[PDB]
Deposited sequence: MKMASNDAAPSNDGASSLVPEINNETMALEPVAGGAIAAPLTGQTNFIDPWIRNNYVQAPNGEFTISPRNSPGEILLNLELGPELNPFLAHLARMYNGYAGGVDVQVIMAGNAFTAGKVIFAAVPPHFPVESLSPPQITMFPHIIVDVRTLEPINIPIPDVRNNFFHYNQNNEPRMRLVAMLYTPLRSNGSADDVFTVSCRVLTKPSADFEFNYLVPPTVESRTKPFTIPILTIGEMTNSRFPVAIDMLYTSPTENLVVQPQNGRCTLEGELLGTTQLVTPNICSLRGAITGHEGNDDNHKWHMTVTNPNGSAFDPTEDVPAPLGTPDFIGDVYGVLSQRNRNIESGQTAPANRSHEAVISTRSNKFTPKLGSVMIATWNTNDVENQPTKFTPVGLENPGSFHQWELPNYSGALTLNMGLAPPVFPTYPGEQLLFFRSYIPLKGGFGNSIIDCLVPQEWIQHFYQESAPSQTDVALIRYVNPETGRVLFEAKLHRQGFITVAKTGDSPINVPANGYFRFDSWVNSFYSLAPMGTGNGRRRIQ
């Protein structure tokens, strides 16, 4: 049986698995009134990717395809969504949406870029254009499972019916952002399919631990953040290793790699999320120059040292 292992990259060396930014801190908060069911950043400890999770870090919250028309001088465009190489995806697969699709309600802010498929007479290279843009996941036109989304620009109609990529930067505004509310991947009054399941602690006195990142804002008063369940680099590691899980819970210790000092312990559940013995809403006051070390397979009722 291949032994289970976790990367030794520190928090300050890894990336959020729900938005392509560095991890800023660890965080914990009560969630009994919330359904925590993200679709990016989902991988079991045996390396099974779930939800919309894929492996390319800059592709998290990215979509690509081609614009095919307007969606009234409203600067709204109909964008097909394809696989990364431009091929149509198979919409019968038991997956919620194309991999990497945003997994939250909000107005995702970024840049629309296009490189034409044709070369005009007199040229040797294709034309290009890029503009700031927004993909609103709360629009009735956000239908990525059906192969299209609406993408919007500000004060420019300079968009062609050409291959298009969306590079995410942040959110357009903070007020419409609800990070644990899933969009309708097939549009209004339809239900989602192929979802990664909700996650929660099952042992008394525990809370979820999150890897938290600040997320930029186009405008507005806010201090927006986004929380993921494990770093993207852990997903890549487990996917490659595919080590069998011997119990439902791995005991992990947060360790300073320079001194060996152990700062706290936690449970890494087979389903791909972490719990800690801490109550309340709080950052985790540890240095970013620490990593989680796998120490033992344990029972689900192992009593963690309280933080």
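Residues of the deposited sequence lacking C-alpha coordinates, numbered from 1, fall in the stretches 1-223, 295-296, 533-542.
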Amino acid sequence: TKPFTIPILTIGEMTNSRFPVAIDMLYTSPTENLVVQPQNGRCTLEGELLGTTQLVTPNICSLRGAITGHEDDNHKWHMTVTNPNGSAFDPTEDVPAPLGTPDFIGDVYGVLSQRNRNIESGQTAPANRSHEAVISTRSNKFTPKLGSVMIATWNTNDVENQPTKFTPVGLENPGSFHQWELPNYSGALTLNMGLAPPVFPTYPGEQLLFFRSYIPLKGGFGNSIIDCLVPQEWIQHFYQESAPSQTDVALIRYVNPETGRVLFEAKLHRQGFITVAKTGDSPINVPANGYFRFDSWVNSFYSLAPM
From here on, numbers count along this sequence of modelled residues.
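When the two stretches 103-111 and 192-200 are set side by side, the higher mean Cα temperature factor goes to 192-200.
Averaged over their C-alpha atoms, the temperature factors of 84-92 and 215-223 are higher for 84-92. As recorded in the PDB entry, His70 shows the highest C-alpha B-factor of the residues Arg253, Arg64, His269, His70. When the C-alpha B-factors of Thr44, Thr28, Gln54, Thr247 are read from the PDB record, the largest value belongs to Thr247. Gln37: CA B factor lies in the lowest third for its chain, per the PDB record. For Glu258, the recorded CA temperature factor ranks within the highest third of the chain's modelled residues. In the PDB entry, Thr275 places in the lowest third of its chain by CA B-factor. When the modelled residues of the chain are ordered by their C-alpha B factor, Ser17 lands in the lowest third. Residue-level temperature factors show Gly205 in the highest third of its chain, judged at the C-alpha atom.
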